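Below: one protein chain in two forms, given as structure tokens, structure 1 then structure 2.
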Structure 1
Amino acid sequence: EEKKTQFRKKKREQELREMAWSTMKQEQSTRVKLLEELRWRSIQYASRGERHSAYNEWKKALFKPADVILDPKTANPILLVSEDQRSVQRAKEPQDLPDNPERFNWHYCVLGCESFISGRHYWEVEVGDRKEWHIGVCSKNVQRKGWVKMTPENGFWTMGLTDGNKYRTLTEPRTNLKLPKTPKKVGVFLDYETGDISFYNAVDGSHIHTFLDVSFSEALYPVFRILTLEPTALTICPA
């Protein structure tokens, strides 16, 4: 009878050996992936790389392109969305639309369609020669009915321009940014596991701002905000 028990133990321990080898293989793959990723990170950080010889390269290497589409079901009744679902405009008078429980009734915000759970993504937005805008990311369980301050402690990570000359990031209390140039296109980058949100200038390559060391526990959406009536619209560059 001891032979049968030895056979059973041999089978079980063989299965443990198989699981050990599988763990080994995942470890090796993770190591080689981390090595190549670190090389790409090094060439990205290498200097203040701004002569386009890196920005395109490291953006296509370490971040995947995302297609962002605007849904009318979230827009405040003031806003207008195009047939391509790419641009946003402000109307003179509010429209008459039903009060579904996923619409911004007070703020002037429109959300995207898809959510982000894990990974590294990016997108590009055209601001043109506007005088007022705010862009960023937001959580899913944020408050949509009423007034709530746009703050990371409430679920908003945004920045933008007001008054035609004042650039700022929306924190408690608000801070002032000092740029030596006029951004015309803005690139937004998101890294989930690390907790990194980055705003870049997409025409030359300079660096604007970075939210870092934040623990996300839910899903994230892109968010846009406008407050003025202008002949210029907010365009989302396709990819």
Structure 2
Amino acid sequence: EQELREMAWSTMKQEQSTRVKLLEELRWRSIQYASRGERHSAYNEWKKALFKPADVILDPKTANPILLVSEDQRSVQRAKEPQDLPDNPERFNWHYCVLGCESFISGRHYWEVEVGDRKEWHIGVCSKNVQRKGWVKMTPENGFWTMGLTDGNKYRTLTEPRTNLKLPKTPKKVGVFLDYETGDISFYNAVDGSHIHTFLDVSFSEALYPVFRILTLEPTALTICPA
């Protein structure tokens, strides 16, 4: 009796044909909804509804020796000299980046990171099969999708080559929103609800990790606040 297997064989084709057309139609809805835009109450309206609040805890085991993960496991500080500690393949050795213990395999999630009055930071989403040893350019082709501040009042998106993001305001709290299926990583100003950058049509194959890197010595810690 193949009818029991026939039902699965039928639902597999109907499910494969459903999501492709749904995603194409959704992208055309995106390009159409581009007009008639405002955000006065949007951020607190749908960031708590459509995006499944997710908490990110910092993982000391991947942090560089120069980075001091705070005792609360949520904040990261910049220290003076690299303290000695074992070199696991997870651990970075050149790039100053730290990740979270959990990877979001699929779905839609978000997390809020407050940068405060910092002068150098880079937060974003990295892959799992990234090159953690040596130096590798943090481009989308290398698995990094990151927003960053540089030399005081410069804003950049780490594509290749670096592109400048001219913005009117100065963010203090940035919400990162990841949609696996739609393939969209979005950075929003959590204080007011504006828009900074969204990565469109990202071919996702592996799991995704939060990534935070800090270069300059600063007395301000990068805090990840949960839901």
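Reference numbering: structure 1, starting with residue 1. Only residues modelled in both forms are compared. Between two forms, the rigid core is the largest collection of C-alphas that superpose within 1.5 Å.
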- Note on the structure: In 210, 47, 175, 182, the 2 Å or greater C-alpha shift between structures 1 and 2, rigid core superposed, occurs only at 47
- Query: Any chance the CA of residue 27 moves 2 angstroms or more between structures 1 and 2, core superposed?
  - Reply: yes
- Item | Large Cα shift (2 Å or above) at residue 38 between structures 1 and 2, core-fitted | yes
- Query: How much does the C-alpha of residue 61 move between structures 1 and 2, in Å, when the core is lined up?
  - Reply: 1.3
- Item | Shift in Å of the residue 18 Cα between structures 1 and 2 [rigid core superposition] | 11.2
- Taking the rigid core as fixed, pick out the runs of 3 or more consecutive residues whose CA atoms all shift by at least 2 Å between structures 1 and 2, and give them in sequence order. 13-54
